[PDB]
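Asker: These protein sequences, in sequence, are chains C and B.
Mapping of the first sequence onto the authors' numbering: residues 1285 to 1333, in sequence order.
Mapping of the second sequence onto the authors' numbering: residues 1137 to 1185, in sequence order.
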Amino acid sequence: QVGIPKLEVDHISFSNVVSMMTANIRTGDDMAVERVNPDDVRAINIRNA
Amino acid sequence: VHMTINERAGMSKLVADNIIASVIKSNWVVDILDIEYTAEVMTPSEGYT
């Protein structure tokens, strides 16, 4: 076990293990859902709960 | 599968391409019931139009 920068002294250390994303994360292929609307707006349960 | 279809409400245009499409390829039988269609019966001379 070790100090733990922060939970220990103050020696600002200058080198860490930063974990990062391997490559851009927001590249195209934006989700897209198809929508079907009820076809009667008069036979729409609504009841229960 | 003998698949029975009663609402035929939601069911994406896409889910349908596939079932009708697979009735074919896999001998599936879909049984559709909220349709209402008259039914002419022309003789082998004016065969379909």
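Here a beta-carbon is modelled for each residue, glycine too, at the ideal position from N, C-alpha and C.
So, does the CB of B:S1148 fall closer than 8 Å to a CB anywhere in chain C?
Answerer: Chain C contact via Cβ: present.
Asker: Would a check of beta-carbon distances place C:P1289 closer than 8 Å to chain B?
Answerer: Not an interface residue.
Asker: Is it the case that the Cβ atoms of C:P1289 and C:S1297 are separated by a distance below 8 Å?
Answerer: Yes, the Cβ-Cβ distance between C:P1289 and C:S1297 is below 8 Å.
Asker: What are the boundary residues of the alpha helix (DSSP H) that includes B:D1167?
Answerer: Segment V1165 to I1168 is the beta strand (DSSP E) holding B:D1167; no alpha helix (DSSP H) there.
Asker: C:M1315 bridges to which residues according to DSSP?
Answerer: Note: C:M1315 sits in no beta bridge, so no partner.
Asker: Inspect the CB distances between the region 1141-1159 of chain B and the region 1175-1183 of chain B and report whether three or more fall short of 8 Å.
Answerer: Counting Cβ pairs under 8 Å, fewer than three are found: no touch.
Asker: Is C:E1318 close to chain B? Criterion is C-beta to C-beta, closer than 8 Å.
Answerer: Yes, contact with chain B.
Asker: In terms of residue numbering, what span does the alpha helix (DSSP H) encompassing B:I1160 cover?
Answerer: That run of the alpha helix (DSSP H) goes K1149 to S1162.
Asker: Report the neighbours of B:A1145 on chain C: residues whose CB is nearer than 7 Å to its CB, in chain order.
Answerer: Simply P1322 and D1323.
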